[PDB]
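Structure file run00.cif (mmCIF, C-alpha atoms) follows.
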data_protein
loop_
_atom_site.label_atom_id
_atom_site.label_comp_id
_atom_site.auth_asym_id
_atom_site.auth_seq_id
_atom_site.Cartn_x
_atom_site.Cartn_y
_atom_site.Cartn_z
CA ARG B 47 68.39 121.66 95.78
CA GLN B 48 65.77 123.84 97.46
CA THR B 49 62.42 124.24 95.68
CA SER B 50 61.52 127.84 96.57
CA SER B 72 73.15 123.75 99.51
CA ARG B 73 76.35 122.35 101.03
CA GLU B 74 74.59 121.22 104.24
CA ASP B 75 72.06 118.82 102.72
CA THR B 76 74.88 117.10 100.83
CA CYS B 77 76.65 116.53 104.16
CA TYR B 78 73.44 115.18 105.67
CA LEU B 79 73.09 112.83 102.70
CA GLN B 80 76.71 111.68 102.91
CA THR B 81 76.27 110.85 106.60
CA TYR B 82 72.85 109.28 106.04
CA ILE B 83 73.82 106.94 103.19
CA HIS B 84 76.44 105.14 105.32
CA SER B 85 74.20 104.85 108.40
CA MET B 86 72.62 101.86 110.12
CA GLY B 87 69.21 103.53 110.04
CA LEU B 88 69.27 103.40 106.25
CA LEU B 89 70.88 99.95 106.20
CA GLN B 90 68.07 98.33 108.20
CA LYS B 91 65.49 99.80 105.81
CA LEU B 92 67.53 98.59 102.83
CA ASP B 93 67.71 95.08 104.28
CA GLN B 94 63.98 95.05 105.05
CA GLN B 95 63.31 96.17 101.47
CA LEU B 96 65.79 94.19 99.34
CA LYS B 97 67.28 91.53 101.68
CA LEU B 98 70.93 92.48 101.23
CA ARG B 99 72.05 89.74 103.64
CA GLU B 100 70.67 87.00 101.38
CA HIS B 101 72.17 88.53 98.23
CA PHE B 102 75.66 89.24 99.59
CA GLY B 103 76.05 85.65 100.80
CA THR B 104 75.25 84.04 97.44
CA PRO B 105 78.83 83.46 96.08
CA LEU B 106 80.15 80.44 97.96
CA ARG B 107 83.28 80.06 95.80
CA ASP B 108 85.20 83.05 97.15
CA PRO B 109 85.46 83.57 100.93
CA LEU B 110 87.10 87.01 100.90
CA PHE B 111 84.32 89.12 99.36
CA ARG B 112 81.20 87.25 100.52
CA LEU B 113 79.01 88.05 103.52
CA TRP B 114 79.20 85.03 105.81
CA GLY B 115 75.94 83.96 107.39
CA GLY B 116 75.36 84.74 111.04
CA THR B 117 77.76 87.69 111.25
CA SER B 118 77.55 90.62 113.64
CA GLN B 119 75.44 93.66 112.78
CA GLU B 120 78.56 95.83 113.07
CA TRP B 121 80.31 93.62 110.51
CA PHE B 122 77.25 93.86 108.25
CA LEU B 123 77.39 97.65 108.49
CA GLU B 124 81.11 97.61 107.68
CA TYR B 125 80.45 95.34 104.68
CA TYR B 126 77.68 97.65 103.44
CA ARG B 127 79.99 100.66 103.80
CA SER B 128 82.63 98.72 101.85
CA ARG B 129 80.21 97.93 98.99
CA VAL B 130 78.27 101.22 98.48
CA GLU B 131 80.73 104.07 97.67
CA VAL B 132 79.83 107.79 98.11
CA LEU B 133 82.12 110.41 96.44
CA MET B 134 81.63 114.22 96.51
CA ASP B 135 83.08 116.81 94.05
CA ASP B 136 84.09 119.70 96.38
CA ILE B 137 84.17 122.35 93.61
CA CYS B 138 80.86 121.10 92.23
CA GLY B 139 78.88 120.00 95.28
CA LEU B 140 77.97 116.77 93.47
CA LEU B 141 77.63 113.39 95.20
CA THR B 142 78.44 110.21 93.26
CA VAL B 143 77.21 106.87 94.58
CA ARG B 144 78.79 103.67 93.25
CA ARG P 47 72.72 131.91 81.51
CA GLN P 48 69.46 132.49 83.38
CA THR P 49 66.57 134.13 81.50
CA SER P 50 66.04 136.97 83.98
CA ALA P 71 76.88 133.25 90.02
CA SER P 72 75.87 130.65 87.42
CA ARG P 73 78.73 128.17 87.89
CA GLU P 74 76.30 125.50 89.12
CA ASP P 75 74.64 124.80 85.77
CA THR P 76 77.95 124.83 83.89
CA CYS P 77 79.25 122.25 86.38
CA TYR P 78 76.05 120.25 85.82
CA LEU P 79 76.72 120.36 82.07
CA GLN P 80 80.36 119.38 82.59
CA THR P 81 79.22 116.28 84.47
CA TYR P 82 76.27 115.59 82.15
CA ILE P 83 78.17 115.57 78.84
CA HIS P 84 80.36 112.63 79.92
CA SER P 85 77.45 110.54 81.26
CA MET P 86 75.90 107.31 80.02
CA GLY P 87 72.46 108.93 80.23
CA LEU P 88 73.38 111.38 77.48
CA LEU P 89 75.33 108.73 75.57
CA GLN P 90 72.28 106.45 75.33
CA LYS P 91 70.20 109.21 73.74
CA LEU P 92 73.08 110.23 71.48
CA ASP P 93 73.59 106.67 70.23
CA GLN P 94 69.85 106.15 69.73
CA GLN P 95 69.61 109.41 67.76
CA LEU P 96 72.86 109.37 65.75
CA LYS P 97 74.10 105.73 65.77
CA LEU P 98 77.53 106.48 67.22
CA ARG P 99 78.59 102.81 67.17
CA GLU P 100 78.05 102.43 63.42
CA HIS P 101 79.98 105.61 62.62
CA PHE P 102 82.88 104.82 64.95
CA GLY P 103 83.22 101.22 63.75
CA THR P 104 83.65 102.20 60.09
CA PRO P 105 87.46 102.79 59.82
CA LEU P 106 88.58 99.18 59.48
CA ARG P 107 92.02 100.29 58.25
CA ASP P 108 93.37 101.22 61.66
CA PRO P 109 92.65 99.15 64.78
CA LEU P 110 94.03 101.60 67.33
CA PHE P 111 91.30 104.26 67.05
CA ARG P 112 88.14 102.39 66.06
CA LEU P 113 85.25 100.97 68.07
CA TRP P 114 85.43 97.19 67.76
CA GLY P 115 82.11 95.40 67.47
CA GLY P 116 80.73 93.44 70.39
CA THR P 117 82.54 95.59 72.96
CA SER P 118 81.09 96.26 76.39
CA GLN P 119 78.90 99.22 77.28
CA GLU P 120 81.58 100.47 79.69
CA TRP P 121 84.18 100.42 76.92
CA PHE P 122 81.73 102.29 74.69
CA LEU P 123 81.41 104.96 77.39
CA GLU P 124 85.20 105.14 77.75
CA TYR P 125 85.63 105.53 73.98
CA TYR P 126 82.96 108.24 73.84
CA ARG P 127 84.61 110.10 76.72
CA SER P 128 87.93 109.85 74.86
CA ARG P 129 86.43 111.27 71.66
CA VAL P 130 84.53 114.18 73.25
CA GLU P 131 86.69 116.66 75.18
CA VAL P 132 85.23 119.26 77.55
CA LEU P 133 87.34 122.11 78.92
CA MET P 134 86.52 124.78 81.50
CA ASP P 135 87.59 128.41 81.83
CA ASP P 136 86.93 129.50 85.41
CA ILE P 137 88.47 132.98 85.12
CA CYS P 138 86.15 133.55 82.14
CA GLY P 139 83.46 130.98 82.99
CA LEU P 140 83.22 129.37 79.54
CA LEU P 141 82.86 125.72 78.53
CA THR P 142 84.47 124.60 75.27
CA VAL P 143 83.59 121.27 73.66
CA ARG P 144 85.68 119.55 70.98
CA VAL P 145 84.07 116.53 69.31
CA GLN P 146 86.09 114.09 67.22
CA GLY P 147 84.79 112.07 64.30
CA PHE P 148 85.70 110.37 61.06
CA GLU P 149 83.58 112.73 58.93
CA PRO P 150 83.26 116.51 59.36
CA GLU P 151 79.48 116.55 58.95
CA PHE P 152 79.14 113.85 61.61
CA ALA P 153 81.33 115.81 64.04
CA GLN P 154 79.27 118.96 63.49
CA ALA P 155 76.01 117.02 63.94
CA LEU P 156 77.29 115.39 67.14
CA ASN P 157 78.30 118.78 68.55
CA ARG P 158 74.89 120.24 67.67
CA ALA P 159 73.07 117.30 69.27
CA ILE P 160 75.23 117.61 72.39
CA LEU P 161 74.38 121.30 72.72
CA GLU P 162 70.65 120.72 72.13
CA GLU P 163 70.46 117.90 74.67
CA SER P 164 72.45 119.97 77.17
CA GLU P 165 70.00 122.87 76.93
CA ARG P 166 67.02 120.50 77.17
CA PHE P 167 68.47 118.83 80.28
CA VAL P 168 69.21 122.21 81.89
CA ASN P 169 65.59 123.27 81.42
CA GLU P 170 64.24 119.87 82.51
CA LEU P 171 66.17 120.08 85.78
CA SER P 172 64.08 123.06 86.89
CA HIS P 173 60.88 121.75 85.29
CA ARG P 174 61.13 118.61 87.43
CA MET P 175 61.25 120.72 90.60
CA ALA P 176 58.33 122.79 89.30
CA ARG P 177 56.05 119.83 88.52
CA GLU P 178 55.88 118.56 92.11
CA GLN P 179 55.04 122.09 93.27
CA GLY P 180 52.25 122.13 90.69
CA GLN P 181 50.85 118.83 91.97
CA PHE P 182 51.02 120.08 95.57
CA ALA P 183 49.25 123.32 94.64
CA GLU P 184 46.56 121.32 92.83
CA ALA P 185 45.96 119.19 95.93
CA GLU P 186 45.77 122.29 98.14
CA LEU P 187 43.29 123.91 95.74
CA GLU P 188 41.19 120.74 95.74
CA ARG P 189 40.98 120.62 99.54
CA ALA P 190 40.19 124.35 99.71
CA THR P 191 37.41 123.86 97.15
CA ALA P 192 36.00 121.00 99.22
CA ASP O 291 35.22 147.81 127.45
CA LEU O 292 33.45 144.50 126.81
CA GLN O 293 33.32 145.28 123.09
CA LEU O 294 37.07 145.89 123.09
CA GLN O 295 37.65 142.67 125.05
CA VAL O 296 35.59 140.54 122.66
CA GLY O 297 37.32 142.24 119.72
CA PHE O 298 40.68 141.27 121.19
CA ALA O 299 39.43 137.71 121.65
CA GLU O 300 38.25 137.57 118.02
CA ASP O 301 41.57 138.95 116.76
CA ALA O 302 43.51 136.41 118.83
CA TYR O 303 41.32 133.58 117.52
CA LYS O 304 41.67 134.59 113.87
CA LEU O 305 45.45 135.05 114.11
CA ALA O 306 45.72 131.68 115.88
CA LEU O 307 43.67 129.93 113.18
CA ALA O 308 45.80 131.59 110.50
CA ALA O 309 48.96 130.41 112.25
CA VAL O 310 47.70 126.83 112.64
CA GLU O 311 46.56 126.73 109.00
CA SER O 312 49.93 128.06 107.80
CA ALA O 313 51.80 125.51 109.90
CA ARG O 314 49.55 122.72 108.61
CA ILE O 315 50.03 123.61 104.94
CA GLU O 316 53.79 124.04 105.45
CA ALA O 317 54.04 120.68 107.22
CA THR O 318 53.01 118.73 104.08
CA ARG O 319 54.61 120.56 101.14
CA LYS O 320 57.58 119.03 99.31
CA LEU O 321 60.10 121.63 100.44
CA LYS O 322 63.31 120.05 99.12
CA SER O 323 64.00 117.88 96.08
CA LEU O 324 66.85 115.60 95.04
CA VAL O 325 67.87 116.29 91.44
CA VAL O 326 69.62 113.49 89.56
CA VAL O 327 72.38 114.59 87.21
CA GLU O 328 73.00 110.94 86.25
CA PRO O 329 70.44 108.23 87.10
CA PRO O 330 71.69 104.78 88.15
CA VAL O 331 73.03 102.78 85.23
CA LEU O 332 72.68 99.08 84.50
CA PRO O 333 76.19 97.60 84.16
CA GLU O 334 76.96 95.16 81.36
CA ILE O 335 80.34 93.83 82.53
CA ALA O 336 81.99 93.66 85.95
CA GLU O 337 84.29 96.47 87.06
CA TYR O 338 85.74 94.36 89.90
CA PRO O 339 87.97 92.54 90.57
CA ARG U 193 39.21 132.95 125.38
CA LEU U 194 36.69 133.95 122.69
CA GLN U 195 34.06 131.67 124.24
CA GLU U 196 34.60 133.20 127.68
CA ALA U 197 34.49 136.75 126.29
CA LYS U 198 31.27 136.03 124.39
CA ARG U 199 29.74 134.48 127.51
CA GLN U 200 30.63 137.58 129.53
CA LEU U 201 29.21 139.88 126.84
CA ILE U 202 25.95 137.93 126.62
CA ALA U 203 25.70 137.82 130.43
CA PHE U 204 26.20 141.59 130.81
CA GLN U 205 23.82 142.52 127.97
CA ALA U 206 20.85 142.43 130.37
#

If you took the structure in this file and wrote it as structure tokens, what would it be?
Amino acid sequence: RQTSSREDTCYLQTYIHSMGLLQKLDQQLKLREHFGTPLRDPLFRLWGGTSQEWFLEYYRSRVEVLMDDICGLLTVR
Amino acid sequence: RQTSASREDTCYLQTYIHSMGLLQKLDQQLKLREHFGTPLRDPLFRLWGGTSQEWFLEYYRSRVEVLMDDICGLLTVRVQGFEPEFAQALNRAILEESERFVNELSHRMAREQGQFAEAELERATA
Amino acid sequence: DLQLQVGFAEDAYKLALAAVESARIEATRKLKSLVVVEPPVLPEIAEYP
Amino acid sequence: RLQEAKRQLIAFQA
């Protein structure tokens, strides 16, 4: 919202799934270390020493952004 | 309605009523779990003890129904319960919390403007 | 003529300082805010798989 | 510009 509409939501939707945000998120919370913790399952774990493109795809697979057209509301899961 | 076109806040309320943020306050204020676990006679429509928070949210969303009228722009809320007084109290609490949240949404945007104006006044005074 | 010229210079200077001050104060204000209808929740059980 | 105009005015005062 503007403090004194449908464009900023688009900017946010594009920005959340971007590499520029992902590098900040990794530098802040170390997503690479956390997403490689479960060694039991190989399908849904982030293997060590993977490509940055694969890391971005994994991050886009995890974080989910949904938008209610009628409402203009963005839900992040 | 705005105290001196308004679909945005009714949509905000439609999303807010079925949220865990409101449910936490409602359970802390009215003890929804204790009331909904009382009817031991039937197991199909009672809140079993020890259930997950997600199942509690699903049960609460099942009990409280929110309907929209776009052609007339009106939101109708039907709240279920096992006592009539409890249902009326839950509806009243829902309405009160909804109004408080609607006001707080604009107050949050106003507070940062107030802080910014205070900083500008301080530098001008200096 | 010189009085008019120095008056023009003073007017240009004051309008320029007003413009730079306005741009400076605009450049730091919190123009846009992100309102949160529902803040992030802390899950108790696992939704997946 | 203001500095130059003031310099001209103070030079032409005499």

Contacts of stretch 85-102 of chain P within 6 Å, all atoms listed in the file, excl. fewer than 2 positions in-chain, as a ChimeraX atom specification: /P:82-83,104,112-113

Let me know the residues the PyMOL selection byres ((chain P) within 9 of (chain B)) catches in the file above, as a PyMOL selection string. chain P and resi 73-74+77-78+175-176+179

Report the residues retrieved by the PyMOL selection byres ((chain B and resi 72-81) around 10) from the displayed file, expressed as JSON, numbers by chain. {"B": [47, 48, 82, 83, 84, 85, 132, 133, 134, 136, 138, 139, 140, 141, 142, 143], "O": [322, 324]}

Can you list, as a VMD selection string, the residues that the PyMOL selection byres ((chain P) within 12 of (chain O)) selects here? chain P and resid 74 to 75 77 to 90 116 to 123 164 167 to 168 170 to 187 189 to 190

Interface, chain U side, toward chain O (7 Å; all atoms listed in the file) as a CSV table (one decimal) with C-alpha atoms, in the frame of the given file:
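Output file part_12.csv follows:
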chain,number,residue,atom,x,y,z
U,193,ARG,CA,39.2,133.0,125.4
U,194,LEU,CA,36.7,134.0,122.7
U,197,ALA,CA,34.5,136.8,126.3
U,198,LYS,CA,31.3,136.0,124.4
U,201,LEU,CA,29.2,139.9,126.8

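Going from atom CA of residue B:99 to atom CA of residue B:113 covers 7.2 Å.
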
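For the atom pair formed by atom CA of residue B:123 and atom CA of residue B:89, the distance is 7.3 Å, given to one decimal.
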
Atom CA of residue P:134 and atom CA of residue P:151, how far apart in Å? 25.0 Å

Once you add 5 Å to each side, what are the centre and edge lengths of the axis-aligned box holding all listed atoms of stretch 166-181 of chain P? One decimal in Å, as JSON, if you can.
{"center_x": 60.0, "center_y": 120.9, "center_z": 85.2, "size_x": 28.4, "size_y": 14.7, "size_z": 26.1}

Restricting the calculation to only C-alpha atoms: of B:108, B:121, B:116, B:95, which residue gets closest to chain O?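 That would be B:108, the residue with the smallest distance to chain O.
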
Just want the 12 Å neighbourhood of residue B:112, counted on only C-alpha atoms, with same-chain residues fewer than 5 positions away dropped. Output as a list in words. residues 98, 99, 100, 101, 102, 103, 104, 105, 106, 107, 117, 121, 122, 125, 126, 128 and 129 of chain B
